[PDB]
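Residue numbers (the entry's author numbering), protein chains in the order written: chain A, 12 to 254, 261 to 314, 324 to 836; chain A', 12 to 254, 261 to 314, 324 to 836. A prime marks a further copy of an entry chain. Each residue gets a CB set at the ideal place from its N, CA and C atoms; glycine is no exception. Only one structure is covered here, and it is reproduced in the block below.
There are 2 protein chains.
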Amino acid sequence: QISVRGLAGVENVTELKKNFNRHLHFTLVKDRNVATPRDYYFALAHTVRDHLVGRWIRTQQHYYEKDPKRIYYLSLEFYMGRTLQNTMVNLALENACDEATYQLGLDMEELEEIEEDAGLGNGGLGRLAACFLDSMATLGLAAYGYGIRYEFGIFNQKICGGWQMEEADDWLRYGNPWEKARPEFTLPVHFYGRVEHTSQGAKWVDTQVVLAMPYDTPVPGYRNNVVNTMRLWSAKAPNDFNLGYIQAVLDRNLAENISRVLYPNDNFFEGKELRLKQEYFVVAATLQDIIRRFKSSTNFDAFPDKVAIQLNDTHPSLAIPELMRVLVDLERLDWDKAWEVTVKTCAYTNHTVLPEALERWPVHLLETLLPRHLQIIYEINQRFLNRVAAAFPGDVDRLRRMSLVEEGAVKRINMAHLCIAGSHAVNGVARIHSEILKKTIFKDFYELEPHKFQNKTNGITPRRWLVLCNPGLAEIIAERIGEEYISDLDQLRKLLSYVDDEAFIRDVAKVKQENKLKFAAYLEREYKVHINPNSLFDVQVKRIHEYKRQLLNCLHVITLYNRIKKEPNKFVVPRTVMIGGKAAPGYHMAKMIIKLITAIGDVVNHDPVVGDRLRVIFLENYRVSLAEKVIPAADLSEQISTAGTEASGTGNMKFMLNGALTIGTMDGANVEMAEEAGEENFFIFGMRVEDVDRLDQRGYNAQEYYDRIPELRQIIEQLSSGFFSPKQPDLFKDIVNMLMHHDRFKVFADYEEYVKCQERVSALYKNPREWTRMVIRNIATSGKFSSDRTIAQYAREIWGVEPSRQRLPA
Amino acid sequence: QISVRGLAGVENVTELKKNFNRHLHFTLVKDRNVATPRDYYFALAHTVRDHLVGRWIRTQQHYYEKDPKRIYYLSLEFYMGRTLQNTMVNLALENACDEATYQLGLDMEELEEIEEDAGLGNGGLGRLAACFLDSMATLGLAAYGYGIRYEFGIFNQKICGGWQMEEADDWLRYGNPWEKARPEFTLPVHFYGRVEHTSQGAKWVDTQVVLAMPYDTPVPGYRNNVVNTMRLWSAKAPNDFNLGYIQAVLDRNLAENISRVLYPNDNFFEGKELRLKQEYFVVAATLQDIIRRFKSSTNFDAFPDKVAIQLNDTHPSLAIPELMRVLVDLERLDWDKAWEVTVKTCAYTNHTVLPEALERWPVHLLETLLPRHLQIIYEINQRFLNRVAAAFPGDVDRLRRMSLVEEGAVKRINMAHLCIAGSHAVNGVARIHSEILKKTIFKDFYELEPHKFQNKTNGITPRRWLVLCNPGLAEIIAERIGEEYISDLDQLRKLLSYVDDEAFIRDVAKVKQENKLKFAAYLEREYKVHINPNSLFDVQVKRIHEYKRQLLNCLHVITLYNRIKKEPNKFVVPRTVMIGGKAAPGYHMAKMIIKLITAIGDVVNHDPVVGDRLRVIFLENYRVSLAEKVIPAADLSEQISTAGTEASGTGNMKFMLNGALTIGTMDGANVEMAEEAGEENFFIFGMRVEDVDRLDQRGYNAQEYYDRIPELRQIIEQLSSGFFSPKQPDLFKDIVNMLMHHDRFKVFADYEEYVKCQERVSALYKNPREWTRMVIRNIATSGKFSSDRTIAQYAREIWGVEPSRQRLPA
Ligand SMILES: Nc1ccn([C@@H]2O[C@H](CO)[C@@H](O)[C@H](O)[C@H]2O)c(=O)n1
Ligand SMILES: Nc1ccn([C@@H]2O[C@H](CO)[C@@H](O)[C@H](O)[C@H]2O)c(=O)n1
Ligand SMILES: *Cc1c(COP(=O)(O)O)cnc(C)c1O
Ligand SMILES: *Cc1c(COP(=O)(O)O)cnc(C)c1O
């Protein structure tokens, strides 16, 4: 059908069809008379999977022959989403498969909607890992993703009575055709026990053993025949476990619960034992696998030359003391040499500066669960502080500030401090975030070892986030500059020479209109909700959190509503305000924010005077597959976190690449995006980081804004009086109280400028031609935000390996 | 290689090889350089499985088109064993596969040893179900096996320090290539709740829901292209289950524990709630499936004409009140009509008369778990007793004896009484057992409804128990009378005309010698134990239980030992005494019996004076795959249960078909076996049922035998004094005490005659020619014991369907 989707050759279509029927028969054991759409989806998935195996096997054989340096990306989250379409895109089988299923009398798009999302992540951090695996394979790096195969991923969100309800994400129910169990490579992981000091070295004994069973999933690069591996561990009890009889067998669940479910917290630390077990489980099994592969290439001096371990945040920070444990206790290396190897092998990536998100584990927990690791951590701390004391003689407070051990009610281990000490590189995820790390929370560490600190601005893969979700846009772009940009996004700059091209302007605007129509139809299909395709699509999708300020968006919405009710017969640009995202189960304020959003919709969407001029919809169960649908349909991207809180953000990049203009604060990557496109082509507003600091030094008093802004006051009074909750007048008392007395994120401080900026957005939307020209300038300068650029920088500046675009023989 | 194993055509071998490589590559994702024997086993299994699918699909389509009466065999146990070789035998692919793997450079026998046993059973009852499925498919019946897919089957037995140790049977660890999950057919099962009585009928509400997910396994008939289905249910929690957040997800295990593990009891009832849940779980899911299939053929009058439900013991007895519940509460039929349908649909098979094995569930358990079913049971009881009262006016004791409700400390429901009342047929499993049912425990029921009582003597499938495990014997037999006997075992009688044939006598004896050599080699291979292949193989394999009297065997062994020590330089026929079997985890006496056996071996096997004249080995982890190895190698089959206790026995039939002579009591099927072969060709001894009764009436006093039998006294003194347990002189005090004061099975009463009979066995073994001629007379008359004969009788006399030998188009 379309160019970028590959060729539909006669031979290939014929071969796909026969293999499709073969799997339906032999694999699914069904016939065309009893087969259901799900059956057809699986027949197609297995057919596509077959094309991966040959490449998968030779890629791994290749790495064996050449023995390049291996990159191990450790993460407790991999937000993969669906795999079928992505695989077809990277293998250039999309048009062929579409034609083949068409000839078999089936609609491939219908079949793609049957695949469950692999929701093994919470949000940005997990999605970044997913985009990174794609870029590493596309850049020909010998990389391996290592994580946990959760039986239940992020919960499915249902909205009942306007409230979020959670339900188990049983994503493996019908089976996962993409994974391959490798029980032959099962490894043991130890817990509890005690430390015994003998003649030669310490020994960790009397431990409880839990088996780690690996499952491998292929990660295809973009049309280069490279297929890397993502290995996820599953917990299994040994057969002699707890071995009345019946109970012992039933108690096997205790050990296997380790890989049962993903903790649903976004930017928030919960110090539960089960979570600590998951963190060690992934680290212990992974390191054994790494060392095994290394030995099958004694001389650990070359370990750093053949291995690179990237820690996605502090979640897998135990890799540092675990590596030391193995080298010292098992391999018998002296401490100093072991430490040298560890530091040169590990690298740490920080993703946030929010205090409540940093991991600080209670010493009593580590003491009971991992006694040997606690001893190693103390030793690491002791030697680290000796170095600090020698560099800053007499600075006793610096010593207490930099310690890995925090004193107080309960002693805790600061995992971030542990990561900085044991890594040769520490990076932030956006220029401003990395600068904040050096000026604030890690200032002491930066002064001790300035060379360790770097920046690696985040990115997104243009395969899934452009070609896959927006083929219409990828096509009109390819028509003008070719297909090369898909693996070299910087080429989009060439589109700048078409900003005055009347044909292109029309095509860009047409693609957007088509996406909006398709999404508007979807909302009625699966959610039965009417919306005006002609209105401006104002969307904010991301996890619900106070720092992301969905509340500021709500205030604007209510303002628009009050203004209409004030001057009913006055013209206003029609808007469809869409807000979506999940709230962590135990985050009360976040759940109240979702309720407020639906409550506003209940009032606004049923007011006759408003008509189709303003709609407020809450997008239920926001996840990767839904993002691929709503982002291509958006006109306005809301990125309004309080300056200094959103480390980078990645959703912002997805919107920019797909034709949406951005309204946001100078926070995270927004700064670099505005810098690339030009501030005149971005809708910036609000306090800058320096302004927030000034306000804090002076003291933030929300009452002041309430007293001086009539429109704001009216909104707060509506909330308090029950205007949005008739039957429950004080339903939103907590929200008002927080906004008025303890708003850590200064919602009111940016209200005026936000509303003003939004007016400028509406003014531009009234001029179709100029709105589209600004969109073109955004798309044309989004090249820097490709994860291929990010990974190439990690490769050269941290891992010490050269990326490759060379194809492998198919 | 051998005739009975089929042809190895050029086309077939070529096709098998290419498909083998295809699966190794595409299915296992491996190459010949990294593939392990397990990998090769799976490549072969998938290759063989492919040949099943076509036949499997058309067989089921066939039943849809013709709509014959369906047979549903409900059992909580299906002792299947391995599936690879059995599938090849029934599809006539054995020689072709052997040749193909040979050309690929692999030993197929080595690969077959890698497959885990499907140990979803405890012993005879479970194995019978397995043999029955094979015969039903071979006889072209539209039959379905329905059970539970236990995650853990019968435990693996390890022997440590002479004691049994149990370990989880994680048989699904590497995956099961034979099963096909059918999540699309998942059904809900209800538990707890309460009964609500409304205007029209009762309603079962406020129940907890557990999902039943089916897994289908193909059951191929013998070379007739018929492939039936065995559907096993797996427990799954609904996604809204218990829906802090984390705990709710983890608690899903509570519901899924229902299908976690098989209760390891043989001939013993344990009234645990979890077991009751398993029984209802299989019954509820199965009945919904049956009715669904029936409706997809309102007129429930024809239900009995299209459906037959066979209850394997009382384990699935809840099917009776569950069927009533559905017809009355859901379909709205009047009681009388519903009862008529139920009775004509259900049939019950009793497998034992031991009081401790009968199911008697506490009313308080049913009351809490299945409130509606308890009400229905009371109603059934009320109407049943009204019928008894009308037939035997004034006989109040009969009323209390026949009630389904037993009074006492705690009220219980007698499931056996429930089954007789709600079934149109009740059968025993051997002539003598069925007669005992009518004369004793079910005497009252027989007098009320004589027509319901039948006999269906058990049998074993000659495919697995002859062709598969003893190809050498199947071959020499086929050489003389053809291959027809494999599906018509009665033809073995033609072998009677070869009893004087010198060539045949030599071949029969040669096959046995080869089997013994092969097994002797196996014992050293996997268990490192030396044995003399020239000695007589005296084996007793079956679950450990006091009624099976492994203790009587031990007494004989010790007698042989003492006699040798008494007259060292006297000649005696060399013997290798092999005893094997698992003991239920909570059965103390059974565990002490295993310890005694090993202790005897410790003494006997290391006594220089004995030499290679006597060896005592305990066969560890006895299971189906081990039975297929030891039975073909046995010379003497020990079937020595106390007369009246072994309902039928089936191991006895396996030994008879494979060339072993039998020493046993006139119990169970032994009676019919001796009758078929002729008592002169059987080694019968001991009390007959009538003798046991006489002894009980008089009072069994073990002391009497101890006082009058010097040799017996010596043995008891050796046991008591610690002769077999030096470091622990009183280790076997419990055994001695039981034997002397409370032996329910009169071990001493049969001692003298047993020892005497054993001497007659040794005398015959000294004459090779005559021993073999007697063996030939046994093999030649074992035809009656084929499960094809048993099933044909069930079909005609109970289910009302005609068996068919006609092939289906392949
Ligand atoms: N636990 C955490 C910490 C940070 N983050 C997020 O990670 C992404 C990727 O770097 C950032 O772009 C985002 O700004 C940050 O909040 C997250 O999703 N979860
Ligand atoms: N729970 C029980 C009850 C009887 N049985 C057994 O069933 C078989 C098959 O009919 C009989 O041959 C055997 O005699 C009996 O003990 C058993 O294995 N388990
Ligand atoms: C891209 C993405 C995110 C991250 O969005 P931000 O706005 O950067 O927080 C979160 N969830 C999903 C499903 C995503 O695709
Ligand atoms: C045949 C068989 C049985 C039944 O044996 P009996 O001696 O009749 O009790 C038990 N276990 C296995 C593994 C069998 O194959």
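Query raised in the report: So, does the CB of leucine 834 of chain A' fall closer than 7 Å to a CB anywhere in chain A?
Result: Counting from 1 along the second sequence, the entry for residue 834 of chain A' is found at position 808. Not closer than 7 Å to any Cβ of chain A, the Cβ of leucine 834 of chain A' fails to qualify, so no.
Requested in this report: Verify the contact flag: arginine 138 of chain A, CB atom, against every heavy atom of ligand 3, threshold strictly below 6 Å.
Outcome: The residue given as residue 138 of chain A occupies position 127 in the first sequence. For ligand 3, at least one heavy atom lies less than 6 Å from the Cβ of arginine 138 of chain A.
Query raised in the report: Helix or strand or just coil, what does DSSP make of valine 650 of chain A'?
Result: Locating residue 650 of chain A' in the second sequence gives position 624, where the first residue counts as 1. In the structure shown, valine 650 of chain A' sits in a helix (DSSP, three-state: H, G or I).
Query - CB contact flag (residue 841 of chain A, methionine 441 of chain A, <7 Å) - result: Coverage of chain A is limited to positions 12 through 836, which leaves residue 841 of chain A absent and any answer about it impossible.
Requested in this report: Assuming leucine 745 of chain A contacts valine 762 of chain A (C-beta within less than 8 Å), just tell me the rounded distance between them.
Outcome: The residue labelled residue 745 of chain A in the question sits at position 719 within the first sequence. The residue labelled residue 762 of chain A in the question sits at position 736 within the first sequence. With a Cβ gap of about 5 Å, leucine 745 of chain A and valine 762 of chain A count as contacting.
Query raised in the report: From which residue to which residue does the alpha helix (DSSP H) around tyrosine 731 of chain A run?
Result: Start at 1 with the first residue of the first sequence, and residue 731 of chain A comes out as number 705. Unbroken alpha helix (DSSP H) run through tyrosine 731 of chain A: 728-734.
Requested in this report: Could you pull out every unbroken alpha helix (DSSP H) segment of at least 4 residues lying fully inside the segment 763-823 of chain A, listed in chain order?
Outcome: 777-791, 794-806, 813-820
Query - the segment 176-191 of chain A: positions lying closer than 9 Å to chain A' by Cβ - result: Of all residues in the segment 176-191 of chain A, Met176, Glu177, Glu178, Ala179, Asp180, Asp181, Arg184, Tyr185, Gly186, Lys191 have a Cβ within less than 9 Å of some Cβ in chain A'.
Query raised in the report: Under the three-state reduction of DSSP, which class applies to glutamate 207 of chain A': helix, strand or coil?
Result: As a first step, residue 207 of chain A' must be located in the second sequence, where it is residue number 196. Residue state, collapsed to three classes: strand.
Query raised in the report: Using a threshold of 6 Å, is the CB atom of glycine 135 of chain A' nearer than that to any non-hydrogen atom of ligand 2?
Result: The residue given as residue 135 of chain A' occupies position 124 in the second sequence. Correct: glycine 135 of chain A' has its Cβ closer than 6 Å to ligand 2.
Report task. Helix, strand or coil for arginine 310 of chain A', going by three-state DSSP, please let me know. Result -> Stepping through the second sequence from its first residue, residue 310 of chain A' is reached at position 293. Reduced to three states, the DSSP call for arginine 310 of chain A' is helix.
Query raised in the report: Over what stretch of residues does the alpha helix (DSSP H) that includes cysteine 495 of chain A' continue unbroken?
Result: Counting from 1 along the second sequence, the entry for residue 495 of chain A' is found at position 469. Note, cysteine 495 of chain A': premise wrong, no alpha helix (DSSP H); not H, not E.
Requested in this report: Give a yes or no on whether the C-beta atoms belonging to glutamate 190 of chain A' and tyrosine 226 of chain A' are separated by under 7 Å.
Outcome: Counted from its first residue, the second sequence places residue 190 of chain A' at position 179. Counted from its first residue, the second sequence places residue 226 of chain A' at position 215. Yes. Within cutoff.
Query raised in the report: Which two residues bound the contiguous alpha helix (DSSP H) that contains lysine 680 of chain A?
Result: As a position in the first sequence, residue 680 of chain A is number 654, starting the count at 1. Run containing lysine 680 of chain A: 677-683, per the alpha helix (DSSP H) assignment.
Query raised in the report: Should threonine 816 of chain A be counted as a contact of ligand 1 given a C-beta to heavy atom distance under 6 Å?
Result: Working through the first sequence from its first residue, we reach residue 816 of chain A at position 790. Checking the Cβ of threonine 816 of chain A against ligand 1 gives no.
Report task. Count the other C-beta atoms from every protein chain shown that fall within 10 angstroms of the C-beta of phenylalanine 53 of chain A, then say buried if there are 16 or more, exposed otherwise. Result -> Within the first sequence, numbered from 1, the residue matching residue 53 of chain A stands at position 42. Burial call: buried.
Requested in this report: Please find out if some non-hydrogen atom of ligand 2 comes closer than 6 Å to the beta-carbon of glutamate 501 of chain A'.
Outcome: Translated into the one-based positions of the second sequence, residue 501 of chain A' becomes position 475. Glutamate 501 of chain A': no, Cβ never under 6 Å from ligand 2.
Report task. Give a yes or no on whether 7 Å exceeds the smallest Cβ distance from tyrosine 262 of chain A to chain A'. Result -> Against the first sequence, residue 262 of chain A aligns to sequence position 245. Yes, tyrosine 262 of chain A lies at the interface with chain A' (some Cβ there is under 7 Å from its Cβ).
**Report entry** Closer than 7 Å to chain A by CB, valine 238 of chain A'
**Finding:** Numbered from 1 along the second sequence, position 227 holds the residue referred to as residue 238 of chain A'. By this cut-off, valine 238 of chain A' is not an interface position.
Query raised in the report: Span of the alpha helix (DSSP H) holding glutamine 96 of chain A'?
Result: Numbered from 1 along the second sequence, position 85 holds the residue referred to as residue 96 of chain A'. Note, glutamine 96 of chain A': alpha helix (DSSP H), 95-102.
**Report entry** Euclidean distance between Cα positions of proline 79 of chain A' and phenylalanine 311 of chain A'
**Finding:** Reading the second sequence from its first residue, position 68 is the one you call residue 79 of chain A'. Reading the second sequence from its first residue, position 294 is the one you call residue 311 of chain A'. Rounded to the nearest angstrom, the two C-alpha atoms are 11 Å apart.
Query raised in the report: Using a beta-carbon distance below 7 Å, is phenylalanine 37 of chain A' in contact with chain A?
Result: For the purposes of this step, residue 37 of chain A' is taken as residue 26 along the second sequence, with counting starting at 1. Chain A, which has a Cβ nearer than 7 Å to the Cβ of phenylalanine 37 of chain A', makes this yes.
Query raised in the report: Interface residues of chain A around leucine 267 of chain A' at Cβ under 9 Å?
Result: Here the question's residue 267 of chain A' lines up with position 250 in the second sequence. Ordered by position in chain A, the residues that pass the 9 Å Cβ test against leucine 267 of chain A' are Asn270, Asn274, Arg277, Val278, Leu291.
Query raised in the report: So residue 320 of chain A' and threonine 303 of chain A' are in contact, right, with Cβ under 8 Å, and what is the actual spacing, rounded?
Result: Any question about the placement of residue 320 of chain A' has no answer from these coordinates, since chain A' jumps from 314 to 324.
Query raised in the report: What's the call for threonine 324 of chain A', buried or exposed, on a 16-neighbour Cβ count within 10 Å?
Result: Here residue 324 of chain A' refers to the residue found at position 298 when the second sequence is read from its first residue. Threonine 324 of chain A' is exposed by the Cβ-count criterion.
Requested in this report: Please look up how many angstroms separate the CB atoms of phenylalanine 708 of chain A' and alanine 700 of chain A', rounded, as I've assumed it's under 8 Å.
Outcome: One-based indexing of the second sequence puts residue 708 of chain A' at position 682. One-based indexing of the second sequence puts residue 700 of chain A' at position 674. With 8 Å as the limit, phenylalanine 708 of chain A' and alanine 700 of chain A' qualify as a contact, their Cβ atoms being about 4 Å apart.
**Report entry** Touching by the beta-carbon criterion (3+ pairs, under 8 Å), the segment 519-538 of chain A' and the segment 605-613 of chain A'
**Finding:** Look at the beta carbons and you see the segment 519-538 of chain A' not touching the segment 605-613 of chain A': under three pairs across the two are nearer than 8 Å.
Query raised in the report: Does the beta carbon of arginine 489 of chain A fall short of 6 Å from some heavy atom of ligand 3?
Result: The residue labelled residue 489 of chain A in the question sits at position 463 within the first sequence. No, ligand 3 has no heavy atom inside 6 Å of this Cβ.
Query raised in the report: Based on the DSSP secondary-structure assignment, which residues constitute the bridge partners of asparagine 481 of chain A?
Result: Counting from 1 along the first sequence, the entry for residue 481 of chain A is found at position 455. Beta bridge pairing from DSSP links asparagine 481 of chain A with A:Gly454.
Report task. Pick helix, strand or coil for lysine 191 of chain A', following the three-state DSSP scheme. Result -> Mapped onto the second sequence, residue 191 of chain A' falls at position 180. Reduced to three states, the DSSP call for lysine 191 of chain A' is strand.
Query raised in the report: In this structure, does DSSP put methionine 119 of chain A in helix, strand or coil?
Result: As a first step, residue 119 of chain A must be located in the first sequence, where it is residue number 108. It is helical.
Query raised in the report: Going by Cα to Cα distance, which pick from A':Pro829, A':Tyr161, A':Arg351, A':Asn106 is closest to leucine 494 of chain A'?
Result: As a working note, residue 494 of chain A' is residue 468 in the second sequence. For the residues A':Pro829, A':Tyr161, A':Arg351, A':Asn106, the minimum Cα distance to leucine 494 of chain A' belongs to A':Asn106.
Query raised in the report: Is there at least one Cβ from chain A nearer than 7 Å to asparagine 250 of chain A''s Cβ?
Result: Sequence index remark: in the second sequence, residue 250 of chain A' carries index 239 (1-based). For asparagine 250 of chain A', a Cβ of chain A is located within less than 7 Å of the residue's own Cβ.
Requested in this report: Mind listing the chain A' neighbours of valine 64 of chain A? Cutoff is C-beta to C-beta under 8 Å, in chain order.
Outcome: Here residue 64 of chain A refers to the residue found at position 53 when the first sequence is read from its first residue. What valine 64 of chain A touches in chain A': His36, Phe37, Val40.
Query raised in the report: Under a three-way DSSP split, which group does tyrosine 374 of chain A fall into?
Result: Walking along the first sequence from the start, residue 374 of chain A turns up at place 348. Three-state DSSP puts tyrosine 374 of chain A in a strand.
Requested in this report: Closer than 7 Å by beta-carbon distance: list the chain A' residues that pair up with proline 194 of chain A, in chain order.
Outcome: Start at 1 with the first residue of the first sequence, and residue 194 of chain A comes out as number 183. Chain A' residues near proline 194 of chain A: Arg184, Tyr185.
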